[PDB]
Structure formats: C-alpha cells, structure tokens
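Participant: Got a structure for you, written out below as structure tokens; questions coming shortly.
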Amino acid sequence: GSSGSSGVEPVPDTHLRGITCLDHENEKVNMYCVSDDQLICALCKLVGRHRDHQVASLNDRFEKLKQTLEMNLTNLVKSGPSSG
Ligand SMILES: [Zn+2]
Ligand SMILES: [Zn+2]
C-alpha cells in the first residue's frame with residue numbers, strides 16, 4: 001500500500017472583474033430565470049432549484065454543445081492541534 005497526507009489552501013481573493021452566481025461563486029451567470037426573475041447560471045438550471053424552470057438563454061450561438069461527466073475528486077480534512 002501507500003500513505004499520503006495534505007492540507008488545503010485558502011481561496012484566492014477574487015477581483016471585481018467578473019460577476020459570478022450567488023449560489024455558485026464559480027459559474028458566470030449565463031442565463032436568466034423568468035418566473036423567478038433572477039439571473040442564474042448553468043448549474044442553477046442543471047440541478048439548481050431551477051430544474052424545470054423557464055429560462056431565456058442569453059448566448060444566441062450555443063456554446064456548450066456536448067456534455068459529459070467529469071471525474072470526481074476525493075480528499076480529506078480534519079482540524080488538529082495548534083499553538084501561538
Ligand atoms: Zn448558479
Ligand atoms: Zn427559476
């Protein structure tokens with residue numbers, strides 16, 4: 001077998017040069033919900049509460065045509081001792 005350990009790095013202070021989604025601070029809202037009258041992203045319409053909602057696509061020319069599943073990552077995390 002094998003043994004390995006690791007920690008985690010703090011998210012980089014995102015600049016104000018790119019508006020993201022509320023729930024998802026990574027996906028750039030590329031859609032807009034009519035019923036909810038609120039800008040949403042792909043993840044919001046994919047699995048988000050807007051699963052079967054009526055959104056009005058923005059980008060005329062479909063960009064994301066093909067769709068596949070991305071390999072999921074499995075990591076660990078647990079706080080330990082410390083001093084000052
Ligand atoms: Zn979203
Ligand atoms: Zn909605």
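Ordered as shown in the structure tokens, chains take letters A, B, and onward, while each chain numbers its residues from 1 and ligands are numbered from 1 in the order shown.
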Report as a tab-separated table the residues of region 62-83 of chain A within 9 Å of region 1-11 of chain A, each with its shortest atom pair and distance in Å (one decimal), using only C-alpha atoms, ordered by chain and increasing residue number.

Facilitator:
residue	atom	partner	partner_atom	distance
A:75	CA	A:6	CA	8.9
A:76	CA	A:6	CA	8.1
A:77	CA	A:7	CA	6.9
A:78	CA	A:7	CA	8.7

Participant: Keeping only N, CA and C atoms, take the residues you just selected and write them out as a PDB file, in the first residue's frame.

Facilitator:
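As written to disk, selection38.pdb reads:
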ATOM      1  N   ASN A  75     -10.981  13.934  -1.392  1.00  0.00           N
ATOM      2  CA  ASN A  75      -9.938  14.413  -0.491  1.00  0.00           C
ATOM      3  C   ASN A  75     -10.374  14.276   0.965  1.00  0.00           C
ATOM      4  N   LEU A  76      -9.479  14.632   1.880  1.00  0.00           N
ATOM      5  CA  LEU A  76      -9.771  14.550   3.307  1.00  0.00           C
ATOM      6  C   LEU A  76      -9.601  15.910   3.976  1.00  0.00           C
ATOM      7  N   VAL A  77      -9.984  15.990   5.247  1.00  0.00           N
ATOM      8  CA  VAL A  77      -9.870  17.233   6.002  1.00  0.00           C
ATOM      9  C   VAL A  77     -10.242  17.022   7.465  1.00  0.00           C
ATOM     10  N   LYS A  78      -9.401  17.527   8.362  1.00  0.00           N
ATOM     11  CA  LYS A  78      -9.640  17.396   9.794  1.00  0.00           C
ATOM     12  C   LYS A  78      -8.730  18.331  10.585  1.00  0.00           C
TER      13      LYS A  78
END

Participant: Show me which residues are within 9 Å of ligand 1 counting only C-alpha atoms and all ligand atoms, and format the list as a PyMOL selection string.

Facilitator: chain A and resi 20-29+39-46+48

Participant: If you take only C-alpha atoms and all ligand atoms and a cut-off of 8 Å, which residues of chain A touch ligand 2, and what are their nearest atom pairs and distances in Å to one decimal, in chain and number order, as JSON lines?

Facilitator:
{"residue": "A:33", "atom": "CA", "partner": "ligand 2", "partner_atom_place_in_ligand_line": "1 (Zn)", "distance": 4.8}
{"residue": "A:34", "atom": "CA", "partner": "ligand 2", "partner_atom_place_in_ligand_line": "1 (Zn)", "distance": 6.8}
{"residue": "A:35", "atom": "CA", "partner": "ligand 2", "partner_atom_place_in_ligand_line": "1 (Zn)", "distance": 5.9}
{"residue": "A:36", "atom": "CA", "partner": "ligand 2", "partner_atom_place_in_ligand_line": "1 (Zn)", "distance": 4.7}
{"residue": "A:37", "atom": "CA", "partner": "ligand 2", "partner_atom_place_in_ligand_line": "1 (Zn)", "distance": 7.4}
{"residue": "A:38", "atom": "CA", "partner": "ligand 2", "partner_atom_place_in_ligand_line": "1 (Zn)", "distance": 7.3}
{"residue": "A:40", "atom": "CA", "partner": "ligand 2", "partner_atom_place_in_ligand_line": "1 (Zn)", "distance": 7.7}
{"residue": "A:45", "atom": "CA", "partner": "ligand 2", "partner_atom_place_in_ligand_line": "1 (Zn)", "distance": 7.5}
{"residue": "A:49", "atom": "CA", "partner": "ligand 2", "partner_atom_place_in_ligand_line": "1 (Zn)", "distance": 6.6}
{"residue": "A:50", "atom": "CA", "partner": "ligand 2", "partner_atom_place_in_ligand_line": "1 (Zn)", "distance": 4.3}
{"residue": "A:51", "atom": "CA", "partner": "ligand 2", "partner_atom_place_in_ligand_line": "1 (Zn)", "distance": 7.8}
{"residue": "A:52", "atom": "CA", "partner": "ligand 2", "partner_atom_place_in_ligand_line": "1 (Zn)", "distance": 7.9}
{"residue": "A:53", "atom": "CA", "partner": "ligand 2", "partner_atom_place_in_ligand_line": "1 (Zn)", "distance": 4.9}
{"residue": "A:54", "atom": "CA", "partner": "ligand 2", "partner_atom_place_in_ligand_line": "1 (Zn)", "distance": 6.7}
{"residue": "A:55", "atom": "CA", "partner": "ligand 2", "partner_atom_place_in_ligand_line": "1 (Zn)", "distance": 7.1}

Participant: Mind writing the picked residues with N, CA and C atoms as an mmCIF file, in the first residue's frame?

Facilitator:
data_model
loop_
_atom_site.group_PDB
_atom_site.id
_atom_site.type_symbol
_atom_site.label_atom_id
_atom_site.label_comp_id
_atom_site.auth_asym_id
_atom_site.auth_seq_id
_atom_site.Cartn_x
_atom_site.Cartn_y
_atom_site.Cartn_z
ATOM 1 N N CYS A 33 -33.671 33.566 -15.207
ATOM 2 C CA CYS A 33 -34.971 32.964 -14.931
ATOM 3 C C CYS A 33 -36.088 33.992 -15.083
ATOM 4 N N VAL A 34 -37.174 33.585 -15.733
ATOM 5 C CA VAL A 34 -38.314 34.469 -15.944
ATOM 6 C C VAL A 34 -39.253 34.453 -14.743
ATOM 7 N N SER A 35 -39.720 33.262 -14.381
ATOM 8 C CA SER A 35 -40.629 33.110 -13.250
ATOM 9 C C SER A 35 -40.022 33.701 -11.981
ATOM 10 N N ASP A 36 -38.755 33.384 -11.736
ATOM 11 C CA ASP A 36 -38.056 33.884 -10.558
ATOM 12 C C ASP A 36 -37.468 35.266 -10.821
ATOM 13 N N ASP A 37 -37.490 35.684 -12.082
ATOM 14 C CA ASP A 37 -36.960 36.986 -12.466
ATOM 15 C C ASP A 37 -35.624 37.252 -11.779
ATOM 16 N N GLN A 38 -34.689 36.321 -11.931
ATOM 17 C CA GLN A 38 -33.371 36.455 -11.323
ATOM 18 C C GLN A 38 -32.311 35.746 -12.159
ATOM 19 N N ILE A 40 -29.429 33.526 -13.340
ATOM 20 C CA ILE A 40 -28.946 32.236 -12.864
ATOM 21 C C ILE A 40 -27.864 31.679 -13.783
ATOM 22 N N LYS A 45 -29.694 25.810 -13.423
ATOM 23 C CA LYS A 45 -30.727 25.215 -14.263
ATOM 24 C C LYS A 45 -30.533 23.707 -14.377
ATOM 25 N N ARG A 49 -32.356 24.791 -8.039
ATOM 26 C CA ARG A 49 -33.794 24.807 -7.794
ATOM 27 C C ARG A 49 -34.563 25.052 -9.089
ATOM 28 N N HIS A 50 -33.853 25.511 -10.116
ATOM 29 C CA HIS A 50 -34.470 25.786 -11.408
ATOM 30 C C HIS A 50 -34.348 24.580 -12.335
ATOM 31 N N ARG A 51 -34.612 23.396 -11.795
ATOM 32 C CA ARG A 51 -34.530 22.164 -12.572
ATOM 33 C C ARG A 51 -35.470 22.218 -13.773
ATOM 34 N N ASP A 52 -36.738 22.515 -13.512
ATOM 35 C CA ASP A 52 -37.738 22.598 -14.571
ATOM 36 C C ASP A 52 -38.346 23.995 -14.636
ATOM 37 N N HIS A 53 -37.487 25.006 -14.727
ATOM 38 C CA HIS A 53 -37.940 26.390 -14.796
ATOM 39 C C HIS A 53 -37.871 26.914 -16.227
ATOM 40 N N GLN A 54 -38.413 28.109 -16.442
ATOM 41 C CA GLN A 54 -38.413 28.719 -17.766
ATOM 42 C C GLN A 54 -37.379 29.838 -17.849
ATOM 43 N N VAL A 55 -36.205 29.514 -18.381
ATOM 44 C CA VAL A 55 -35.132 30.491 -18.519
ATOM 45 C C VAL A 55 -34.962 30.920 -19.972
#

Participant: Among chain A, which ones does DSSP assign to alpha helix (DSSP H) (computed from the backbone)? Answer as a ChimeraX atom specification.

Facilitator: /A:42-46

Participant: Separation of CA of residue 71 (chain A) and CA of residue 47 (chain A), in Å?

Facilitator: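 Between CA of residue 71 (chain A) and CA of residue 47 (chain A) the gap is 17.5 Å.
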
Participant: Go ahead and compute the interatomic distance for CA of residue 61 (chain A) and CA of residue 15 (chain A), in Å to one decimal.

Facilitator: 28.0 Å

Participant: How many Å separate CA of residue 30 (chain A) from CA of residue 58 (chain A)?

Facilitator: 6.4 Å

Participant: Considering only strand (DSSP E) as DSSP defines it on the backbone, what residues of chain A qualify? List them as a PyMOL selection string.

Facilitator: chain A and resi 31-33+38-40
